[PDB]
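Source file: my_file.pdb (PDB, C-alpha atoms and all ligand atoms)
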```
MODEL        1
ATOM      1  CA  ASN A  52      65.766 112.568  97.692  1.00  0.00           C
ATOM      2  CA  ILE A  53      68.747 114.194  95.929  1.00  0.00           C
ATOM      3  CA  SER A  54      71.525 112.167  94.354  1.00  0.00           C
ATOM      4  CA  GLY A  55      74.555 113.028  92.339  1.00  0.00           C
ATOM      5  CA  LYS A  56      78.183 112.477  91.512  1.00  0.00           C
ATOM      6  CA  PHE A  57      81.377 114.090  92.740  1.00  0.00           C
ATOM      7  CA  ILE A  58      85.015 114.545  91.807  1.00  0.00           C
ATOM      8  CA  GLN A  59      87.351 115.480  94.648  1.00  0.00           C
ATOM      9  CA  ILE A  60      90.826 116.968  94.274  1.00  0.00           C
ATOM     10  CA  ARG A  61      93.008 117.294  97.362  1.00  0.00           C
ATOM     11  CA  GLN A  62      95.905 119.730  97.221  1.00  0.00           C
ATOM     12  CA  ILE A  63      98.206 119.069 100.172  1.00  0.00           C
ATOM     13  CA  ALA A  64     100.963 121.579 100.853  1.00  0.00           C
ATOM     14  CA  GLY A  65     104.280 119.870 100.355  1.00  0.00           C
ATOM     15  CA  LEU A  66     103.061 117.160  97.987  1.00  0.00           C
ATOM     16  CA  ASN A  67     104.009 117.474  94.332  1.00  0.00           C
ATOM     17  CA  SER A  68     100.713 116.123  92.956  1.00  0.00           C
ATOM     18  CA  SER A  69      97.056 116.442  93.766  1.00  0.00           C
ATOM     19  CA  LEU A  70      95.071 113.471  94.970  1.00  0.00           C
ATOM     20  CA  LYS A  71      91.942 112.740  92.973  1.00  0.00           C
ATOM     21  CA  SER A  72      88.907 110.653  93.886  1.00  0.00           C
ATOM     22  CA  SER A  73      85.339 110.362  92.685  1.00  0.00           C
ATOM     23  CA  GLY A  74      82.028 108.787  93.513  1.00  0.00           C
ATOM     24  CA  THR A  75      78.366 109.369  94.243  1.00  0.00           C
ATOM     25  CA  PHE A  76      76.206 110.835  96.954  1.00  0.00           C
ATOM     26  CA  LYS A  77      72.592 110.457  98.010  1.00  0.00           C
ATOM     27  CA  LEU A  78      70.611 112.654 100.380  1.00  0.00           C
ATOM     28  CA  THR A  79      67.608 110.635 101.495  1.00  0.00           C
ATOM     29  CA  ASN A  80      64.142 111.723 102.665  1.00  0.00           C
ATOM     30  CA  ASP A  81      65.062 111.218 106.342  1.00  0.00           C
ATOM     31  CA  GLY A  82      68.040 113.555 106.741  1.00  0.00           C
ATOM     32  CA  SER A  83      70.666 110.938 105.857  1.00  0.00           C
ATOM     33  CA  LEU A  84      73.705 111.239 103.601  1.00  0.00           C
ATOM     34  CA  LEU A  85      75.374 108.340 101.829  1.00  0.00           C
ATOM     35  CA  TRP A  86      78.716 109.349 100.311  1.00  0.00           C
ATOM     36  CA  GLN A  87      80.273 106.581  98.224  1.00  0.00           C
ATOM     37  CA  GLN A  88      83.781 107.021  96.881  1.00  0.00           C
ATOM     38  CA  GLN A  89      84.212 104.594  94.015  1.00  0.00           C
ATOM     39  CA  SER A  90      87.652 105.526  92.681  1.00  0.00           C
ATOM     40  CA  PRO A  91      90.572 105.057  93.024  1.00  0.00           C
ATOM     41  CA  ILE A  92      89.773 103.116  96.179  1.00  0.00           C
ATOM     42  CA  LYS A  93      86.320 102.361  97.601  1.00  0.00           C
ATOM     43  CA  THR A  94      85.289 104.212 100.743  1.00  0.00           C
ATOM     44  CA  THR A  95      81.880 105.059 102.162  1.00  0.00           C
ATOM     45  CA  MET A  96      80.715 107.743 104.534  1.00  0.00           C
ATOM     46  CA  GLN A  97      77.272 107.863 106.082  1.00  0.00           C
ATOM     47  CA  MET A  98      75.576 110.545 108.166  1.00  0.00           C
ATOM     48  CA  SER A  99      72.400 109.211 109.763  1.00  0.00           C
ATOM     49  CA  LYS A 100      70.798 110.519 112.964  1.00  0.00           C
ATOM     50  CA  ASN A 101      73.662 113.050 113.277  1.00  0.00           C
ATOM     51  CA  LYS A 102      76.075 110.086 113.543  1.00  0.00           C
ATOM     52  CA  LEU A 103      78.905 110.152 110.989  1.00  0.00           C
ATOM     53  CA  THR A 104      80.596 106.878 110.067  1.00  0.00           C
ATOM     54  CA  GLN A 105      83.221 105.909 107.525  1.00  0.00           C
ATOM     55  CA  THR A 106      84.284 102.603 105.969  1.00  0.00           C
ATOM     56  CA  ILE A 107      87.568 102.259 104.073  1.00  0.00           C
ATOM     57  CA  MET A 108      87.467  99.370 101.547  1.00  0.00           C
ATOM     58  CA  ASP A 109      86.443  96.178 103.449  1.00  0.00           C
ATOM     59  CA  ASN A 110      87.667  97.411 106.806  1.00  0.00           C
ATOM     60  CA  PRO A 111      85.350  97.819 109.782  1.00  0.00           C
ATOM     61  CA  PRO A 112      83.481 101.129 110.014  1.00  0.00           C
ATOM     62  CA  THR A 113      84.550 103.859 112.375  1.00  0.00           C
ATOM     63  CA  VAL A 114      82.775 106.865 113.853  1.00  0.00           C
ATOM     64  CA  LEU A 115      84.050 110.266 112.754  1.00  0.00           C
ATOM     65  CA  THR A 116      83.879 113.047 115.337  1.00  0.00           C
ATOM     66  CA  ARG A 117      83.850 116.843 115.296  1.00  0.00           C
ATOM     67  CA  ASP A 118      86.905 116.826 117.565  1.00  0.00           C
ATOM     68  CA  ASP A 119      89.200 114.438 115.694  1.00  0.00           C
ATOM     69  CA  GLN A 120      87.826 114.788 112.157  1.00  0.00           C
ATOM     70  CA  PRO A 121      86.745 118.441 112.166  1.00  0.00           C
ATOM     71  CA  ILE A 122      87.247 119.115 108.495  1.00  0.00           C
ATOM     72  CA  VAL A 123      85.315 116.072 107.251  1.00  0.00           C
ATOM     73  CA  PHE A 124      82.670 116.439 109.931  1.00  0.00           C
ATOM     74  CA  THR A 125      82.175 120.116 109.126  1.00  0.00           C
ATOM     75  CA  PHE A 126      82.182 119.511 105.384  1.00  0.00           C
ATOM     76  CA  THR A 127      79.513 116.877 105.748  1.00  0.00           C
ATOM     77  CA  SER A 128      77.339 118.981 108.029  1.00  0.00           C
ATOM     78  CA  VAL A 129      77.621 122.073 105.794  1.00  0.00           C
ATOM     79  CA  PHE A 130      76.875 119.996 102.690  1.00  0.00           C
ATOM     80  CA  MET A 131      73.684 118.668 104.219  1.00  0.00           C
ATOM     81  CA  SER A 132      72.700 122.039 105.634  1.00  0.00           C
ATOM     82  CA  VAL A 133      73.103 123.895 102.352  1.00  0.00           C
ATOM     83  CA  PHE A 134      71.109 121.328 100.399  1.00  0.00           C
ATOM     84  CA  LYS A 135      68.220 121.718 102.813  1.00  0.00           C
ATOM     85  CA  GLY A 136      68.505 125.520 103.006  1.00  0.00           C
ATOM     86  CA  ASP A 137      69.437 125.558 106.700  1.00  0.00           C
ATOM     87  CA  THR A 138      71.557 128.676 106.897  1.00  0.00           C
ATOM     88  CA  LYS A 139      70.245 129.194 110.429  1.00  0.00           C
ATOM     89  CA  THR A 140      72.351 126.284 111.666  1.00  0.00           C
ATOM     90  CA  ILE A 141      75.286 127.254 109.469  1.00  0.00           C
ATOM     91  CA  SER A 142      75.149 130.771 110.909  1.00  0.00           C
ATOM     92  CA  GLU A 143      75.711 129.437 114.417  1.00  0.00           C
ATOM     93  CA  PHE A 144      79.206 128.376 113.376  1.00  0.00           C
ATOM     94  CA  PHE A 145      80.120 130.501 110.337  1.00  0.00           C
ATOM     95  CA  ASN A 146      80.072 133.997 109.017  1.00  0.00           C
ATOM     96  CA  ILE A 147      78.119 133.777 105.738  1.00  0.00           C
ATOM     97  CA  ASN A 148      78.682 135.904 102.661  1.00  0.00           C
ATOM     98  CA  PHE A 149      76.504 135.526  99.598  1.00  0.00           C
ATOM     99  CA  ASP A 150      77.315 136.976  96.232  1.00  0.00           C
ATOM    100  CA  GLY A 151      75.478 136.501  92.962  1.00  0.00           C
ATOM    101  CA  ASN A 152      72.099 135.366  91.775  1.00  0.00           C
ATOM    102  CA  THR A 153      70.037 132.274  91.181  1.00  0.00           C
ATOM    103  CA  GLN A 154      72.018 131.314  88.056  1.00  0.00           C
ATOM    104  CA  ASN A 155      75.470 131.877  89.530  1.00  0.00           C
ATOM    105  CA  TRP A 156      76.241 132.390  93.191  1.00  0.00           C
ATOM    106  CA  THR A 157      79.090 131.990  95.644  1.00  0.00           C
ATOM    107  CA  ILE A 158      78.738 131.439  99.377  1.00  0.00           C
ATOM    108  CA  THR A 159      81.778 132.125 101.528  1.00  0.00           C
ATOM    109  CA  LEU A 160      81.870 130.621 105.014  1.00  0.00           C
ATOM    110  CA  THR A 161      84.453 131.627 107.579  1.00  0.00           C
ATOM    111  CA  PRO A 162      84.387 130.130 111.076  1.00  0.00           C
ATOM    112  CA  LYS A 163      83.240 132.392 113.854  1.00  0.00           C
ATOM    113  CA  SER A 164      85.214 130.921 116.696  1.00  0.00           C
ATOM    114  CA  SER A 165      87.401 128.253 118.175  1.00  0.00           C
ATOM    115  CA  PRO A 166      87.766 125.316 117.887  1.00  0.00           C
ATOM    116  CA  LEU A 167      86.446 125.390 114.331  1.00  0.00           C
ATOM    117  CA  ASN A 168      88.734 128.280 113.368  1.00  0.00           C
ATOM    118  CA  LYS A 169      91.717 126.195 114.443  1.00  0.00           C
ATOM    119  CA  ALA A 170      90.971 123.751 111.604  1.00  0.00           C
ATOM    120  CA  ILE A 171      89.034 125.574 108.864  1.00  0.00           C
ATOM    121  CA  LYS A 172      90.180 128.728 107.129  1.00  0.00           C
ATOM    122  CA  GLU A 173      87.148 128.980 104.812  1.00  0.00           C
ATOM    123  CA  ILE A 174      84.607 126.960 102.898  1.00  0.00           C
ATOM    124  CA  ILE A 175      83.563 128.291  99.483  1.00  0.00           C
ATOM    125  CA  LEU A 176      80.401 126.991  97.833  1.00  0.00           C
ATOM    126  CA  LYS A 177      79.464 127.878  94.266  1.00  0.00           C
ATOM    127  CA  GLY A 178      76.382 126.873  92.373  1.00  0.00           C
ATOM    128  CA  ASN A 179      73.235 127.584  90.441  1.00  0.00           C
ATOM    129  CA  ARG A 180      70.117 125.408  90.812  1.00  0.00           C
ATOM    130  CA  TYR A 181      72.436 123.260  92.923  1.00  0.00           C
ATOM    131  CA  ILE A 182      75.842 123.456  94.483  1.00  0.00           C
ATOM    132  CA  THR A 183      78.427 122.860  91.750  1.00  0.00           C
ATOM    133  CA  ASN A 184      81.652 123.354  93.690  1.00  0.00           C
ATOM    134  CA  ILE A 185      82.834 123.171  97.276  1.00  0.00           C
ATOM    135  CA  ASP A 186      86.309 124.243  98.312  1.00  0.00           C
ATOM    136  CA  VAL A 187      87.444 123.478 101.861  1.00  0.00           C
ATOM    137  CA  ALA A 188      90.612 125.255 102.954  1.00  0.00           C
ATOM    138  CA  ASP A 189      92.190 124.285 106.238  1.00  0.00           C
ATOM    139  CA  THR A 190      94.524 126.357 108.384  1.00  0.00           C
ATOM    140  CA  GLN A 191      97.627 124.526 107.094  1.00  0.00           C
ATOM    141  CA  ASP A 192      97.560 125.552 103.407  1.00  0.00           C
ATOM    142  CA  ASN A 193      95.721 122.438 102.242  1.00  0.00           C
ATOM    143  CA  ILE A 194      92.657 122.678 100.040  1.00  0.00           C
ATOM    144  CA  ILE A 195      90.042 120.114  99.025  1.00  0.00           C
ATOM    145  CA  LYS A 196      88.148 121.009  95.860  1.00  0.00           C
ATOM    146  CA  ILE A 197      84.923 119.127  95.185  1.00  0.00           C
ATOM    147  CA  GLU A 198      82.870 119.296  92.009  1.00  0.00           C
ATOM    148  CA  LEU A 199      79.290 118.043  92.132  1.00  0.00           C
ATOM    149  CA  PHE A 200      77.468 117.034  88.994  1.00  0.00           C
ATOM    150  CA  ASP A 201      74.636 114.863  87.672  1.00  0.00           C
ATOM    151  CA  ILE A 202      72.498 116.061  90.579  1.00  0.00           C
ATOM    152  CA  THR A 203      68.853 115.054  90.347  1.00  0.00           C
ATOM    153  CA  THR A 204      65.965 115.469  92.766  1.00  0.00           C
ATOM    154  CA  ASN A 205      63.386 112.692  92.715  1.00  0.00           C
TER
HETATM  155 CL    CL B   1      84.551 103.900 116.118  1.00  0.00          CL
HETATM  156 CL    CL B   2      89.327 116.132 109.399  1.00  0.00          CL
HETATM  157 MG    MG B   3      88.000 112.552 120.225  1.00  0.00          MG
HETATM  158 MG    MG B   4      85.549 122.794  93.427  1.00  0.00          MG
ENDMDL
END
```
Structure encoded using structure tokens:
Amino acid sequence: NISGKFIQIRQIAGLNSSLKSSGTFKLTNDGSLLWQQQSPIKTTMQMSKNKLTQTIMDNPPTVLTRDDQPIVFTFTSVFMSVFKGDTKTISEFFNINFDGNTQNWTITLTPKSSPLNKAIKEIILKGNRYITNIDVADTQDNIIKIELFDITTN
């Protein structure tokens, strides 16, 4: 399994500040992701058996869908795919550009087609041994910037 920490910074066009959050993630032996936001408000996302669910604070969980939550759904799928090296699946949905080397690389993903290209402008991944940064730009001038750190494989 792979676990780590994240800081997320959301830059929304038209807001005069960025929205910051942070937490942990765990990729388990069985193809599951547990994403736990711990600050400033607790939320949890889980991908298990290709089902994506989210819990906000103590509220009941809901299912997130490709159709209604395309950016989150795609982020989560790409995240899992890159950690397991599954560029085959990524390539079904994205053009892939790779620049760099094992110590410093950047992967640029642009969507091949609709409907994904109605929601996502590009996803940029940067890293070394692991992903260190993920930027998700939508088609409406908003950008989510995620930093991953304290990643350990055990
Ligand atoms: Cl639901
Ligand atoms: Cl979304
Ligand atoms: Mg729907
Ligand atoms: Mg980043």
Checklist entry - When the PyMOL selection byres (((chain A and resi 199) around 12) and not hetatm) is applied to the file above, which residues end up in the set, as a PyMOL selection string? => result chain A and resi 53-60+73-77+86+130+176-186+196-198+200-203
Could you pull out every residue with an atom within 10 Å of (80.9, 137.5, 101.4), file coordinates, counting all atoms listed in the file, and send them as a JSON list (two decimals) with C-alpha atoms, in the frame of the given file?
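What landed in part_31.json:
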```
[["chain", "number", "residue", "atom", "x", "y", "z"],
["A", 146, "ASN", "CA", 80.07, 134.00, 109.02],
["A", 147, "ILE", "CA", 78.12, 133.78, 105.74],
["A", 148, "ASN", "CA", 78.68, 135.90, 102.66],
["A", 149, "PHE", "CA", 76.50, 135.53, 99.60],
["A", 150, "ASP", "CA", 77.32, 136.98, 96.23],
["A", 157, "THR", "CA", 79.09, 131.99, 95.64],
["A", 158, "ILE", "CA", 78.74, 131.44, 99.38],
["A", 159, "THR", "CA", 81.78, 132.12, 101.53],
["A", 160, "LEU", "CA", 81.87, 130.62, 105.01],
["A", 161, "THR", "CA", 84.45, 131.63, 107.58],
["A", 175, "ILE", "CA", 83.56, 128.29, 99.48]]
```
What does the list of residues within 9 Å of ligand MG 3 (chain B) look like if you count all atoms listed in the file, written as a tab-separated table (two decimals) with C-alpha atoms, keeping the file's coordinate frame?
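The resulting selection-v1.tsv:
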```tsv
chain	number	residue	atom	x	y	z
A	115	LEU	CA	84.05	110.27	112.75
A	116	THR	CA	83.88	113.05	115.34
A	117	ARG	CA	83.85	116.84	115.30
A	118	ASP	CA	86.90	116.83	117.56
A	119	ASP	CA	89.20	114.44	115.69
A	120	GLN	CA	87.83	114.79	112.16
```
Checklist entry - Hey, what's within 12 Å of residue 66 of chain A if we count all atoms listed in the file and toss same-chain stuff fewer than 6 positions away? As a ChimeraX atom specification, please? => result /A:192-194
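Residues matching the PyMOL selection byres (((not hetatm)) within 6 of (chain B and resi 2)) in this structure come to residues 120, 121, 122 and 123 of chain A.
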Checklist entry - By how many Å are atom CA of residue 136 of chain A and atom CA of residue 103 of chain A apart? => result 20.2 Å
Item to check | Expected selection from the PyMOL selection byres (((not hetatm)) within 8 of (chain B and resi 1)), given as a PyMOL selection string | outcome: chain A and resi 104+112-115
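For the pair atom CA of residue 84 of chain A and atom CA of residue 98 of chain A, the interatomic distance is 5.0 Å.
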Exercise on segment 173-185 of chain A, axis-aligned box with 4 Å per side, report centre and edge lengths in Å to one decimal, as AutoDock Vina command-line options:
```
--center_x 78.6 --center_y 125.9 --center_z 97.6 --size_x 25.0 --size_y 14.1 --size_z 22.4
```
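Nearest-residue note for ligand MG 4 (chain B): choosing from A:128, A:95, A:205, A:62, the minimum distance belongs to A:62, counting only C-alpha atoms and all ligand atoms.
Take the candidates A:64, A:187, A:107, A:167 and check each one against ligand MG 4 (chain B) using all atoms listed in the file; the shortest distance goes to A:187.
Reported to one decimal place, the separation of atom CA of residue 169 of chain A from atom CA of residue 188 of chain A is 11.6 Å.
Considering only C-alpha atoms and all ligand atoms, the residue among A:174, A:133, A:125, A:145 positioned nearest to ligand MG 4 (chain B) is A:174.
The smallest atom-to-atom distance between ligand MG 4 (chain B) and any of A:126, A:195, A:163, A:172, using all atoms listed in the file, is found for A:195.
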